[PDB]
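Trainee:
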Amino acid sequence: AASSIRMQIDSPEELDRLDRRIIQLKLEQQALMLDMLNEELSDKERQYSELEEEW
Amino acid sequence: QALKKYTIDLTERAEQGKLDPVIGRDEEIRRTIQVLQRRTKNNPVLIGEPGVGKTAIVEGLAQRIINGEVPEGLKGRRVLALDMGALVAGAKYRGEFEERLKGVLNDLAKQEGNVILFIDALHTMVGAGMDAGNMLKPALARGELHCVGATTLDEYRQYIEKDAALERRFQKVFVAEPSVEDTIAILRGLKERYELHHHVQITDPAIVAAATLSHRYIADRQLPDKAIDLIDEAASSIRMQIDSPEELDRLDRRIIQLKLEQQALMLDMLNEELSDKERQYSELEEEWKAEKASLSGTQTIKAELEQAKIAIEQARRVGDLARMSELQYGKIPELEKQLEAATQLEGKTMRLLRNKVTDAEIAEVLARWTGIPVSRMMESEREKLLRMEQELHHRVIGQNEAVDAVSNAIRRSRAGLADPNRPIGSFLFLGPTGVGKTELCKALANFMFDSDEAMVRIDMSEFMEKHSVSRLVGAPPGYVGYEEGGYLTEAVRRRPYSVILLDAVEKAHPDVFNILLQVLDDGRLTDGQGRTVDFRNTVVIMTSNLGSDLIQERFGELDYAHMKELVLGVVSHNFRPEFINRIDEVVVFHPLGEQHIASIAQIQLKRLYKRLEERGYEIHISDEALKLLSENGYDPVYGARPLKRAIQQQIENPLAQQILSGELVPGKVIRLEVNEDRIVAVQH
Ligand SMILES: Nc1ncnc2c1ncn2[C@@H]1O[C@H](COP(=O)(O)OP(=O)(O)OP(O)(O)=S)[C@@H](O)[C@H]1O
Ligand SMILES: Nc1ncnc2c1ncn2[C@@H]1O[C@H](COP(=O)(O)OP(=O)(O)OP(O)(O)=S)[C@@H](O)[C@H]1O
Numbered sequence: 397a398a399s400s401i402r403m404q405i406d407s409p410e411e412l413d414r415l416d417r418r419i420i421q422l423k424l425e426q427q428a429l430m441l442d443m444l445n446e447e448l449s450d451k452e453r454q455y456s457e458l459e460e461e462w
Numbered sequence: 159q160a161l162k163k164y165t166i167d168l169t170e171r172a173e174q175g176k177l178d179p180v181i182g183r184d185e186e187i188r189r190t191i192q193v194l195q196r197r198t199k200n201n202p203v204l205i206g207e208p209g210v211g212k213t214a215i216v217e218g219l220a221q222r223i224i225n226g227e228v229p230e231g232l233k234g235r236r237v238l239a240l241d242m243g244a245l246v247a248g249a250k251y252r253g254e255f256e257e258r259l260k261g262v263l264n265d266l267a268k269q270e271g272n273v274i275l276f277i278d279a280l281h282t283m284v285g286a287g293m294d295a296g297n298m299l300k301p302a303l304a305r306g307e308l309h310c311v312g313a314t315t316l317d318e319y320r321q322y323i324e325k326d327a328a329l330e331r332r333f334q335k336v337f338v339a340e341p342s343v344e345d346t347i348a349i350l351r352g353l354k355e356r357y358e359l360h361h362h363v364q365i366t367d368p369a370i371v372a373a374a375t376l377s378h379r380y381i382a383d384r385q386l387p388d389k390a391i392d393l394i395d396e397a398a399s400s401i402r403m404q405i406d407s409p410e411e412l413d414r415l416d417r418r419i420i421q422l423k424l425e426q427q428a429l430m441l442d443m444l445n446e447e448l449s450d451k452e453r454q455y456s457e458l459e460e461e462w463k464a465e466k467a468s469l470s471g472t473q474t475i476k477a478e479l480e481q482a483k484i485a486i487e488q489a490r491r492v493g494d495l496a497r498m499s500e501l502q503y504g505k506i507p508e509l510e511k512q513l514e515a516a517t518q519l520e521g522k523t524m525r526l527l528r529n530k531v532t533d534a535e536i537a538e539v540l541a542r543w544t545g546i547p548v549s550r551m552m553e554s555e556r557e558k559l560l561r562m563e564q565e566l567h568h569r570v571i572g573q574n575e576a577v578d579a580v581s582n583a584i585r586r587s588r589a590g591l592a593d594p595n596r597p598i599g600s601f602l603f604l605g606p607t608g609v610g611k612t613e614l615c616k617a618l619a620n621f622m623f624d625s626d627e628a629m630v631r632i633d634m635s636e637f638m639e640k641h642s643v644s645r646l647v648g649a650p651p652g653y654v655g656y657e658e659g660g661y662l663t664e665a666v667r668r669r670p671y672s673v674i675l676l677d678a679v680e681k682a683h684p685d686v687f688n689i690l691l692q693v694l695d696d697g698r699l700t701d702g703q704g705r706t707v708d709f710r711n712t713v714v715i716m717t718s719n720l721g722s723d724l725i726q727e728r729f730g731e732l733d734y735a736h737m738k739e740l741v742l743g744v745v746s747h748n749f750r751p752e753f754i755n756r757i758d759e760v761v762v763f764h765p766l767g768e769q770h771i772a773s774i775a776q777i778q779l780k781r782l783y784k785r786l787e788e789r790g791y792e793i794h795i796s797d798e799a800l801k802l803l804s805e806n807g808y809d810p811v812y813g814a815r816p817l818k819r820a821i822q823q824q825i826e827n828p829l830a831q832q833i834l835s836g837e838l839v840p841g842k843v844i845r846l847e848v849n850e851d852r853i854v855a856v857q858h
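Protein sequence lines correspond, in order, to chains F and E. Mind the numbering: the first sequence is residues 397 to 407, 409 to 430, 441 to 462 in the entry's author numbering, read in order. Mind the numbering: the second sequence is residues 159 to 287, 293 to 407, 409 to 430, 441 to 858 in the entry's author numbering, read in order.
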């Protein structure tokens, strides 16, 4: 149980969801080079940076 | 640096792509990570049956280390598999082997726990050269050495929990056999791997049929290994079927035959026939080369697609930006669409050939692994199987009921409708003496294999004591007959799809019936060594004669079902209730009547004709002599054998008498016409 809590502290899920989302939208925005995705990606990067600093 | 000398860097092979995509297994990899970070017991050992992907799960842990799905304390570790081989390959002197091994251990202490060591075959590791693993012992539970074990189920019980000196180190990780659909999920990342090596395409119905039929029928080995075996071996089957052809062989033999014929004739016409067949041969050769070139281009471009996927995972580890969108949205969909253009092109052009792997291929490959007809219905075996009643009545004349029940049992096992928790049919042949019980079982053996003596016929009347269970099942370990094992639990583990006759079962001592309860409950049977044999492809038939007085008394003027219930109560007096609760169908015979005995007389006279035709004496018979046999070889108390040995006596004694006399020359037809009482053999 100590190892389980050590894993859940040291390693989060929403950060993985946000990182996959920003790299996927980075793929799409690099493909499109209509956009709107600079703005969406900037919002999700700001949210990711906030959650990262809180972590 | 001995680390570069005698270790396999699995992180190197993980980054180089020399490993395999591990699918699922999040729970067990997570529990391995748990045991890797404790205070004491910092050495997980994996416990699984042999062939459930233990090394695969360790390499999947290694790829999650590379991909960074681990906690931060494991980010940057090194996975080193200890090379057993190169250490031994130069050893000559006193402990120079262990000198190298101790140098590697001092280098691991130098690496200060930043290297996660992995040594599989842990039961072999404990003695491999103070010998090989108890040099290590203080460094294990102190944060110095973190060797990760991975070893077999029984050998864990051999060399680990018995050797309790190191037992406060390692931890059980029961790597279970994954289910059917999980193995389907495994192969859908390994379908793509096996298509680079066998140059053929694999179809998803074949994968789901491979997983299901492997999990049901091959009971020695286990998932996920056996499904991989079926897929790989059927890929080899289709690779060979492509790599031949057949019409080229026909045309080549024909043109070299007509070439020799025309060269002999040097009327002709064979210059013209030869030129026509040579043009046909050139056409088929050019079509064959075109199909080979088509498959070559398809496989090269599919390998290009796979290397594109490998390079884009390399970029995902690296993190280039335009390379990602470039490789993805350029390379992947255009190679997929021209790969499928090649797929429909091969759907157009492959005529001569099966480019792909169907589920019938898995059926054939499995049917050569065991013998169970998982093969689809051809014309021969299907028409042979539909006339089951006519075949068994053209050996076992008489006894409609058991033939009906047995025919229905084997049909319900070929069509798949049989429960895979019980055997195909557990039968209990009651009835009086001499009425074709053992010949019904020989009739099934001669239908199923085309052989009378191809059935595990264990007579039960050798089992009249308490060491009889040691005879049939096996001998417990460390005794005299440990090396051979039993006669039943070995003669089925070789040959699954067979018939197991237990003749005269009531004469045996009832702990043998405890063993038969274990058989008809599980289908797996435990021997002295320990491993079990799946009896769910066999047909256990037990004969007896327990109700002989009651059936010979009362089967006349009584119905069928109440007779079955009455003699079943008699059996409940003899057997156990939990035993005969576990029987498919207790078919109960009837004594043989006159028309039946006339037919049995005709069968025995036919086999006598075959014997004296191999001897070289053709024999006709008058039907009055058949009536003499019917009136001498008939009585209800004994069944059919008075007929057989009355035939033996009254025919064969004057006949073989005169054949030894030299009176009867071969060539003429012996007419067995009647005497006033005897049967004379005449020559005319
Ligand atoms: N999760 C998985 N993902 C992909 N392939 C797998 C997976 N599990 C097993 N396999 C395959 O099954 C094979 C089993 O390899 P091994 O781990 O060597 O087998 P094993 O269970 O370790 O038995 P031994 O002792 O090593 S012979 C692997 O090499 C893979 O091809
Ligand atoms: N319908 C039948 N067709 C052919 N042979 C038969 C038939 N019924 C009986 N027999 C003969 O019966 C003989 C006795 O064989 P068995 O099967 O051993 O006798 P059973 O009546 O089935 O019972 P037991 O206990 O084995 S003596 C065989 O040699 C067969 O030739």
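Beta carbons are placed, not taken as given, at the ideal position from N, Cα and C, and that holds for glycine.
May I have the straight-line CA-CA distance separating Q192(E) from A220(E), to the nearest angstrom?
Mentor: Cα-Cα distance, rounded: 15 Å.
Trainee: Residue range of the beta strand (DSSP E) that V336(E) falls in?
Mentor: Run containing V336(E): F333 to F337, per the beta strand (DSSP E) assignment.
Trainee: Going by beta carbon distance, what residues of the same chain come within less than 6 Å of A682(E), once the five residues before and after it are set aside?
Mentor: Around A682(E): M634 and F637.
Trainee: So, using beta-carbon positions, are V338(E) and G234(E) closer together than 8 Å?
Mentor: Contact: no.
Trainee: State the start and end residues of the unbroken alpha helix (DSSP H) segment that holds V839(E).
Mentor: Here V839(E) belongs to no alpha helix (DSSP H), and DSSP marks it neither H nor E.
Trainee: Residues in the region 193-211 of chain E with C-beta within 9 Å of chain F's C-beta atoms, listed in sequence order?
Mentor: Result list: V193, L194, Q195, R196 and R197.
Trainee: Flag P229(E) as yes when its Cβ comes closer than 7 Å to any non-hydrogen atom of ligand 1, and as no otherwise.
Mentor: False, no ligand heavy atom lies under 7 Å from that Cβ.
Trainee: May I have a chain-ordered list of the alpha helix (DSSP H) segments no shorter than 4 residues that lie completely inside the region 627-714 of chain E?
Mentor: Listed in chain order, the complete alpha helix (DSSP H) runs (minimum 4 residues) inside the region 627-714 of chain E are 642-646, 662-665 and 685-695.
Trainee: Between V741(E) and the rest of its own chain, which residues show a CB-CB distance below 7 Å, the 5 nearest in sequence each way excluded?
Mentor: Taken in chain order, the residues that qualify are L604, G721, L724, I725 and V762.
Trainee: Quick check on this structure: which residue in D593(E), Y791(E), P765(E) and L509(E) has the alpha carbon closest to the alpha carbon of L694(E)?
Mentor: Ranking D593(E), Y791(E), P765(E) and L509(E) by Cα distance to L694(E) puts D593(E) first.
Trainee: Can you name the start and end residues of the beta strand (DSSP E) that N201(E) belongs to?
Mentor: It spans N201 to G206 - the beta strand (DSSP E) in which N201(E) sits, taken as one unbroken run.
Trainee: When you compare only the Cα positions, how much space is there between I381(E) and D533(E)?
Mentor: Their backbone Cα atoms lie some 16 Å apart in a straight line.
Trainee: For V237(E), count neighbouring Cβ atoms within 10 angstroms of its own Cβ and tell me buried if that reaches 16, exposed if not.
Mentor: The residue in question, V237(E), is buried, as its Cβ has 16 or more Cβ neighbours within 10 Å.
Trainee: Does the distance from the CB of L415(E) to the CB of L458(E) come in under 8 Å?
Mentor: The answer is yes: Cβ separation under 8 Å.
Trainee: For the beta strand (DSSP E) that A313(E) lies in, which residues bound it at each end?
Mentor: Note, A313(E): beta strand (DSSP E), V311 to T315.
Trainee: Can you list, in chain order, the residues of its chain whose CB lies under 8 Å from that of residue 438(E), leaving out five sequence neighbours each side?
Mentor: Missing here is residue 438(E); chain E as given proceeds from 430 to 441 without the residues in between.
Trainee: Terminal residues of the continuous alpha helix (DSSP H) containing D167(E)?
Mentor: From DSSP, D167(E) is part of no alpha helix (DSSP H) but of the beta strand (DSSP E) over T165 to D167.
Trainee: Tell me which residue opens and which closes the alpha helix (DSSP H) that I323(E) is part of.
Mentor: From DSSP, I323(E) is part of no alpha helix (DSSP H); its letter is neither H nor E.
Trainee: Do you know offhand how far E461(E)'s Cα is from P409(E)'s?
Mentor: Distance between the alpha carbons of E461(E) and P409(E) is about 11 Å.
Trainee: Tell me which residue opens and which closes the beta strand (DSSP E) that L602(E) is part of.
Mentor: It spans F601 to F603 - the beta strand (DSSP E) in which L602(E) sits, taken as one unbroken run.
Trainee: Could you name the residues of the same chain whose beta carbon sits closer than 8 Å to that of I754(E), not counting the 5 residues immediately before and after it, in chain order?
Mentor: Result list for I754(E): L602, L742, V745, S746 and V760, in chain order.
Trainee: Beta-carbon of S400(F) versus every beta-carbon of chain E: anything under 8 Å?
Mentor: Yes, its Cβ sits closer than 8 Å to a Cβ of chain E.
Trainee: Under DSSP, the alpha helix (DSSP H) around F621(E) begins and ends at which residues?
Mentor: From DSSP, the alpha helix (DSSP H) with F621(E) extends over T612 to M622.
Trainee: Using 10 angstroms around the beta-carbon of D278(E), count the other beta-carbons present and answer buried if the total reaches 16, otherwise exposed.
Mentor: Label assigned to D278(E): buried.
Trainee: Is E627(E) near ligand 2, in the sense that its beta carbon is under 7 Å from a heavy atom of that ligand?
Mentor: No, Cβ of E627(E) sits at least 7 Å from all heavy atoms of ligand 2.
Trainee: Assign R491(E) to buried or exposed, taking buried as 16 or more other Cβ atoms, counted over all protein chains shown, within 10 Å of its Cβ.
Mentor: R491(E) is exposed by the Cβ-count criterion.
Trainee: Any heavy atom of ligand 2 within a distance shorter than 7 Å of the CB on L766(E)?
Mentor: Correct: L766(E) has its Cβ closer than 7 Å to ligand 2.
Trainee: Got a sec: is the Cβ-Cβ distance from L458(F) to anything in chain E below 8 Å?
Mentor: So, not an interface residue.
Trainee: Given that a residue counts as buried once 16 or more other Cβ atoms are within 10 Å of its Cβ, and exposed if not, what is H362(E)?
Mentor: Looking at its Cβ environment, which holds 16 or more other Cβ atoms inside 10 Å, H362(E) is buried.
Trainee: Heavy atom of ligand 1 less than 7 Å from the Cβ of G206(E), yes or no?
Mentor: True, at least one ligand heavy atom lies under 7 Å from that Cβ.
Trainee: Please decide whether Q488(E) counts as near chain F, where near means a Cβ-Cβ distance under 8 Å.
Mentor: Judged by the 8 Å Cβ criterion, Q488(E) is not in contact with chain F.
Trainee: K212(E): beta carbon under 7 Å from a heavy atom of ligand 1?
Mentor: Within the cutoff, so yes.
Trainee: Three or more beta-carbon pairs under 8 Å between the region 416-428 of chain F and the region 247-264 of chain E, yes or no?
Mentor: As far as the Cβ criterion goes, the region 416-428 of chain F does not touch the region 247-264 of chain E, which means the pair count is below three.
Trainee: What's the gap between the Cα of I674(E) and the Cα of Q692(E)?
Mentor: Cα-Cα distance, rounded: 15 Å.
Trainee: Below 7 Å, is the gap between the Cβ of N620(E) and the nearest heavy atom of ligand 2?
Mentor: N620(E): no, Cβ never under 7 Å from ligand 2.
Trainee: What is the residue span of the beta strand (DSSP E) that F763(E) lies within?
Mentor: Segment: none, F763(E) is in no beta strand (DSSP E) and carries neither H nor E.
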